[PDB]
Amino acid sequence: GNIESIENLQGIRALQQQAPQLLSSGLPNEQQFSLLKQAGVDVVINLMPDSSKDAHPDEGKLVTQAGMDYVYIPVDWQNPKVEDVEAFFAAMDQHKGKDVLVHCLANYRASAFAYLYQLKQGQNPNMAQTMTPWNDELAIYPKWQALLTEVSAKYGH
């Protein structure tokens, strides 16, 4: 066979730094939680429901064993809610000045949440840049276009 699944050689799935103290990504494996700690990450905020087929059996244990704080905010991909975004904003406020990873499976939910947080915080994130993991899919997901629109409606820049 030829070289297979080269992405497994390329680190954390869908990793994208969003700010000096904020990472967004897809799903870190167990080893990568140790790497995250070594890179200075203090808090892992997980938006992927534990019922998902890709979920770790006990991510909180992996995170806490690696020396970090764990926050679990399960966001239903097929039913995002404003209250999910508010829970995320609340978790961020409880960890001010700390290095945070927000993640899901492939960095759709996490990049969107990171975007809305930076918007609310007055950081004027570039949406096209922040939400790179979405490529041109947002319009294909009306529930997500709705969420982004409603939360954005509350703020300026």
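Each residue number is its position in the shown sequence, starting from 1.
When 112-120 is weighed against 46-54, 46-54 comes out higher, by mean CA B-factor as recorded in the entry. Annotation for 131-139 versus 144-152: the higher mean temperature factor (C-alpha) is found in 131-139. For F33, the recorded CA B-factor ranks within the highest third of the chain. Only modelled residues enter the ranking. In this PDB entry, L27 carries a Cα temperature factor that places it within the lowest third of its chain's modelled residues. The PDB entry assigns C104 a C-alpha temperature factor belonging to the lowest third of its chain's modelled residues.
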